[PDB]
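Right, one structure below, let's go through it.
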Amino acid sequence: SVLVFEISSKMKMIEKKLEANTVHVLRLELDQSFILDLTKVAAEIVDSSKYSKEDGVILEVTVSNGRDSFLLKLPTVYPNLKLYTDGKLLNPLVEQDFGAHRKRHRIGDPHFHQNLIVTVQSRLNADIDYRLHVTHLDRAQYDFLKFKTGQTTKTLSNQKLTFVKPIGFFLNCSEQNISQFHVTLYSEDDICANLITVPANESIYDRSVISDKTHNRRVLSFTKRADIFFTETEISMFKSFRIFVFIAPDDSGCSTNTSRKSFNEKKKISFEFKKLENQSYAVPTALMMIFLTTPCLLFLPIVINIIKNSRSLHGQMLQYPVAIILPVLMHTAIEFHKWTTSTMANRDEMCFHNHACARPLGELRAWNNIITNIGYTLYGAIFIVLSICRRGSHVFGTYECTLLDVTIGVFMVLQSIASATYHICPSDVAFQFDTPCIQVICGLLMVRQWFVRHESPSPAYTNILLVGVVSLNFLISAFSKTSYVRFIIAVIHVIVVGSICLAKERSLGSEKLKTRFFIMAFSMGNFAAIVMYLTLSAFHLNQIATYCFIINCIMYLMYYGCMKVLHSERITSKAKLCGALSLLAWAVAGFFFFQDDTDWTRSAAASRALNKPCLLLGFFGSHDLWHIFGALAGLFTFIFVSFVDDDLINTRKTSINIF
Amino acid sequence: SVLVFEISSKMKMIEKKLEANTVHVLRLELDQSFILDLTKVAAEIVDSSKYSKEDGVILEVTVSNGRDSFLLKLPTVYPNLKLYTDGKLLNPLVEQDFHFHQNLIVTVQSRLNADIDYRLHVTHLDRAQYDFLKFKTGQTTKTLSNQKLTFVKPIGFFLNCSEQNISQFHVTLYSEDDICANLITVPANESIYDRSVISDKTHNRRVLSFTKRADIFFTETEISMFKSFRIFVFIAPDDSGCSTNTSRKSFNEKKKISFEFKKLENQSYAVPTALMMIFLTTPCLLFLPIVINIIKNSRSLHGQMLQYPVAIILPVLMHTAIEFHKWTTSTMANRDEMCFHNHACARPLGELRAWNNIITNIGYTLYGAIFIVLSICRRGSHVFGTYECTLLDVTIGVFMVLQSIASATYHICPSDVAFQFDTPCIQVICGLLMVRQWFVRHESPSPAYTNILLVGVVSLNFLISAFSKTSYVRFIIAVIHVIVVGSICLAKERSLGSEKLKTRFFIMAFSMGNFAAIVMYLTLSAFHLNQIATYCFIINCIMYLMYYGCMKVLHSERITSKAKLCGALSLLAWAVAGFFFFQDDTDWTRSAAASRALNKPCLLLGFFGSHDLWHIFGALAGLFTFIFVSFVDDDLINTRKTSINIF
RNA sequence: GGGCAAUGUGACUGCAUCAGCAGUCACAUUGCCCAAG
RNA sequence: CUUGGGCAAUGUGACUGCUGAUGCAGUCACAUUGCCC
Ligand SMILES: [Zn+2]
Ligand SMILES: [Zn+2]
């Protein structure tokens, strides 16, 4: 037999000893004062231990206030533990939901007032003691996202919170004239939590029909930061969004060492509700494009005048390996597919950007991290032209590095494609493909300088070079969770450097003039490197392949130069300038790349907790300066290796120092 | 002010009226006469059209009986329509729960300031279409015939495998009516409607929108993780996710459903597997007296191990590196909803839902390791005979070994991923056999011609898929097709001398061949989208070998008897090995549901299906059309490289 | 293994100083056509 | 032109209530001492 119990509009701690087979129905008269009042309820079970033998559902609270409802099927179950208390929210009433009026405070024609029905239950034949804990967030906090005229960012401060006391919000855009929205949730204390947004129509606790695919509800873990972004199209699709911030007891999905106060520790939180407006970065891009075209002055005094001094093809067109495109194009196709055919919230849930200052442009959330890759595809289409513009004669100078330079061009372009397709959704997918084209190019430069004084280098070496780089990258990715991955990299690195030493020795005859020093140099440098990335927790798994590859490239090129100067040939002054500039550009590219600070060895929240702010214009971060100066360094190294052996074009192909 | 209302067991259709700002709770005292009675409590809104102006929700019915509670926020809306009636189920009480009695609260609120009328049906299901999955001793199959399933009466099920001592379970639903439906199952302790934090990240509940068929496979690592399962089969209102149009969408119609509960036990198919390997080593009777005899009669490496293109592997070992990562990290219940096999012949093994479409992809990696050796061990005369095609036939080797990797993972489970990669490799093999027989009389054909052929196929394979959903894709496979075959015609006359007795009688074929194929697939919707690029290819190969098989004898050269019989079987294989491929019928255009309705029963031994055999016979034709082009000109072995014709 | 009293923490309800927010009643201005004198 | 009434919003203060911050006291939980039959 039910026992209705009127509740007071003022009391928030309702301790009632529920009898056996009795079903309380509390009741709270809602009036003009509860419009847009987030009503959060919270149950409990007193002396929880006494029921530790009975399993499943014990108590059942079913709050409801006419516009929404939910159930609390105590005691909740979790991947770790069972809790005997938990709170949920309610879609608050609105001004419409108990009628519009003029004056007189419900004059007397109608007498309308909603009501909040709190039900209780028990599956036990025995008696239970609960503690309902109804509270309220008034209109001052829910539906706080109304903006005044000439305002863009409203901000809370230290909004307290607790496992049994979450916070919501109500972003309505159509009724607010909003284009783009970007939330931000600071915090200080490492206590796991959950941000959750849902369009207004739609409800959180209710499961969907084939949900995991039909799911417009993002759910973001976070400890010290989380960010949202309501794109223009999502706004025009749903028109009104409910933000929530739940919070969890433990740190399972967040970390390993767990907080002590189980489901009891309050955690601070702030917010930032920005109201952006669409903007195309024409000024920030300006300084870039001009800065990526000042070094092109290195063609006017040299090459554009040589082409003026001159003013099978089917066979090479068919023998040039163009299945070297397929890795990067396949990965960019897969990535674009998985991006476009994803829900509008699975993007913000899955793409771990640097939402610190990842500047957006329409649908894309990090424009700078993308369009700064145009340095490459600008310094990529150059090489593919210079070579095919000055390919000749065949009796003086060294052999022609025509097709190898065309391949360095095709890969300087594929680098931009891979980078701008991985900086759309930087998730931990099986294949990284940000650096691997940089690695392939820093291999091709080595092969060019290895073969330039023997024969025309064939591009078919890019086949094994690419297979090596791609297999190594997939390997690093797939073994990232264990501990011996840096040992795998150490041993493969050793095998490669040893094979290179051997190929060196079996090409000349073990001359003490060159090999005795060269082998030693390589082995000591690369063993220093193996140490530096096998004992130090500052080389992540992403960067070790790139560092070893660019170090091999730099070392072999400096050795080429050292042997050219020891044999007493001339290195033109422009070549020395180009070499020094390539060295310092690679140095800058390093100093910037080293702060990638991205390792999928940690959980989601630990990766959203990182926020490295940008440096220039509020548009250039650190990874983007890497993207630029990598292209600069590639261009400078390429121009170097295309200039140092120019002064020998007046020497026969017989008296050339072979090495 | 609340209003209690007791209702005994005699009222099923409770009709009441709801005043302004009022709240009705009800109660139907339950006793031991209600245990294991799966109940459903639905609500409506009388005079529905009167409320068509109010936006949002009207009633909030919250049934609850202690053990199982849920909600009803009428009118539940759907992307096509708003239903003013909905019903849900209840986990019945357990015998342990039994002076003493359990009850059934039904709160009914109302946000509307005006009055509301409503009804309240209550229904029951037990003793059948529930608790029916109890197996007798030594019983592995239980069956139900023409079970009614109306929208007002969803069917329930309870599988308690722990007590039933089950290891692997299978569930099938044959039907006949073209009515949408839904099939959801959950772990015992879980509910159906209740979400939680990262619930989607633990969404162990499956949903198989099924028109005519649906299948449920309960693995060993599911049973051993939840130990008890709940099954339901609803009737979805609209045909959006399960069909195309609002054709007869307005209805609440009955539906007949069957079942077949098969309690499989894990095993290995030593009978049919071995009956295949011996089938793929008998047509190897050709290598008996010839290839291993020349070696006995016969009894740079540092550079060509570099100048060989090994970057042609990556288009596959990158793709399969993803179809795996997507198979492992996919939740244990997501695999039954994302992977659309052909469960009429998809015999399982260990974990995989299909081991008849994977272990028959060993006819390739077996016929692959032969071409890799019988070409390397068949070159040792370097001024006699045709040029040694012993580097190319390493690729045709590899691309017969790759094909047994891109395919035997596309048959792990075939999502509608961007790249199909079941045929692509076979397409290229039938390509190389052209480049080989082309350059066979001019120069040792460098394998680097794949670099331009691969990017050809993969692009034409990605181009197909991206525009698979649109209506004008088949016209794109006309312009891309015509362009290349036009060149391959033009590329001939610019090499031979435009001899009309040869060229004008060779362009006449590809003009008549490819065109006759275009209209065959451009006007007729029998060649599905994926199968056209392949049949385009294998024809270019066969024609270019009917030609090379003629231009040899047309120039009055003799062919050896072994090549006579070899090639004559290749035509027999490529003819039958098409007929089986001709029944794939996997068009990712149609809806998810109908893509499950396909069911082609096993052909032989209950382990060989139609699309299965295209994986075997695609290896015979892949072999006979290789031995052919390496034995066709053996008679010319005693003729100098100058006294030979050229074409 | 048990309870009591303290030590320190972590929650919790209601008093006291400040914040945004809702409602209540009264104030003041404004123009307004139709109606008439 | 003035009054009577109606509209509407601006902003005016008056009162009530909510939510978050610093202290104030007091209830509940966890670990160390002392005691006990
Ligand atoms: Zn990048
Ligand atoms: Zn297949």
Q. Among all the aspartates and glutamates, which ones have a C-alpha under 14 Å from residue A:338's C-alpha, if same-chain residues fewer than 8 places away are not counted?
A. A:348, A:349, A:428, B:323, B:416
Q | Counted charge near residue B:613, where neighbours are those whose Cβ lies closer than 13 Å (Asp, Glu -1; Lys, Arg +1) | A | -1
Q) Which of A:40/A:160; A:564/A:653; B:17/B:254 have a Cα-Cα distance over 20 Å? A) B:17/B:254
Q) Highest mean first, what order results for A:644-651, A:84-91 on Cβ atoms within 10 Å? A) A:84-91, A:644-651
Q. After finding the eigenvalues of the alpha carbon gyration tensor for the protein assembly as shown, what semi-axes result from the square roots of 5 times each, listed largest first in whole Å?
A. 65, 41, 27
Q: Could you tell me which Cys residues in chain B have no other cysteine's Cβ under 4.7 Å from their own Cβ, answering none if every one has a partner?
A: B:161, B:284, B:377, B:389, B:425, B:489, B:536, B:550, B:566
Q. Once you sort the root eigenvalues of the Cα gyration tensor of the range A:60-152 as a ≥ b ≥ c, which label holds: rounded (a/c under 1.5), prolate (a/b larger than b/c) or oblate (the other case)?
A. oblate
Q) What does the helix-only formula give at 222 nm for chain B: each DSSP H stretch with n ≥ 4 adding -39500 (n - 2.57), the total divided by the residues, and the result rounded to the nearest 500 deg cm²/dmol? A) -11000 deg cm²/dmol
Q | Built amide H within the under 5 Å cut-off of residue B:85, gap 5+ | A | B:76
Q) Roughly how many debye, to the nearest 20, is the charge dipole of the range A:143-278 about its Cα centre, given +1 on each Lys and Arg Cβ, -1 on each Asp and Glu Cβ, and no other charges? A) 340 debye
(Q) Given axes a ≥ b ≥ c from the Cα gyration tensor, I'd like to know whether the range B:141-262 is rounded (a/c under 1.5), prolate (a/b larger than b/c) or oblate. (A) oblate
Q.
Using Cβ contacts closer than 10 Å as the measure, can you line up B:388, B:44, A:175, B:499 from fewest to most?
A. A:175, B:499, B:388, B:44
**Q.** the range A:1-76-the range B:67-125 distance, computed between alpha-carbon centres (Å)
**A.** 19 Å
Q. Among residues other than residue A:170 whose Cβ falls under 12 Å from its Cβ, what is the net charge (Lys/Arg +1, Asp/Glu -1)?
A. 0
Q.
From the Cα trace of the range B:537-647, what convex hull volume per residue do you get, rounded to a whole Å³?
A. 118 Å³
Q) For residue A:90, which sequence-distant residues (separation of 5 or more, or a different chain) have an amide H within less than 5 Å of its own amide H, given hydrogens modelled in the peptide plane? A) A:39
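Based only on other Cβ atoms within 10 Å, what is the fewest-to-most ordering of A:474, A:336?
Fewest-to-most Cβ neighbours within 10 Å comes out as A:336, A:474.
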(Q) Just to confirm a number: summing +1 for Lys and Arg and -1 for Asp and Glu over residues other than residue B:142 whose beta-carbon lies under 11 angstrom from that of residue B:142, what do you get? (A) +3
Q: Provide Rg over Rh for the range B:2-125; use the alpha carbon set for both Rg and the Kirkwood Rh (inverse mean inverse pair distance).
A: 0.99
Q: Would you kindly derive the ³J(HN,Hα) couplings of the range A:169-184 from the backbone phi angles with the Karplus curve 6.51 cos²θ - 1.76 cosθ + 1.60 (θ = phi - 60°), listing them in order in whole Hz, with x for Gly and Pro?
A: 7, 9, 8, 10, 9, 3, 6, 9, 6, 10, 9, 9, 9, 9, 8, 7
Q: Partner chain Cβ atoms within 10 Å, averaged over the residues of A:100-112 - can you pull that number for me?
A: 1
Q: From the P(r) of the range A:543-597, can you give the percent of Cα pairs sitting at distances over 15 Å?
A: 56 percent
Q: Using DSSP, restrict attention to beta bridges with both residues in chain A and report what percent are antiparallel, rounded to the nearest 5.
A: 90 percent
Q | Intensity falloff of chain A expressed as log10 I(q)/I(0), Debye formula with alpha-carbon point scatterers, at q = 0.07, 0.12 Å⁻¹ | A | -0.61, -1.24
Q.
Assuming 0.36 nm per residue, please report the length gained on full extension of the stretch residue A:265 to residue A:177 beyond their Cα-Cα distance.
A. 27.9 nm
**Q.** Cα centroid of the range B:205-253 to Cα centroid of the range A:596-644, whole Å
**A.** 48 Å
Q: Would you kindly derive the ³J(HN,Hα) couplings of the range B:533-548 from the backbone phi angles with the Karplus curve 6.51 cos²θ - 1.76 cosθ + 1.60 (θ = phi - 60°), listing them in order in whole Hz, with x for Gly and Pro?
A: 4, 5, 4, 4, 6, 4, 6, 3, 6, 5, 4, 6, 10, 4, 6, 5
Q: Please list, in chain and number order, the residues 5+ apart from residue A:132 or on another chain whose amide H is under 5 Å from its amide H, with Hs placed from the backbone.
A: A:14, A:16
**Q.** Least to most buried among B:184, B:396 (fewest other Cβ within 10 Å first)
**A.** B:184, B:396
Q | HN-Hα J in Hz across the range B:493-510 - Karplus 6.51, -1.76, 1.60, θ = phi - 60°, x for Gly and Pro | A | 4, 7, 10, 8, x, 6, 5, 4, 5, 10, 6, 4, 9, 10, 5, 5, 7, 4
**Q.** Of A:267/A:481; A:16/A:73; A:213/B:256; A:10/A:73; B:88/B:212, those spanning more than 21 Å from alpha-carbon to alpha-carbon
**A.** A:267/A:481; A:213/B:256; A:10/A:73; B:88/B:212
Q. From the Cα gyration tensor of the range A:349-444, with a ≥ b ≥ c the square roots of its eigenvalues, which class applies: rounded if a/c is under 1.5, or else prolate if a/b is larger than b/c, or else oblate?
A. prolate
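For neighbour counting, all protein chains shown are included, and Cβ atoms are generated from backbone atoms with ideal geometry for every residue, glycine included. The numbers here are math on the coordinates, done by the rules we state, and not lab data.
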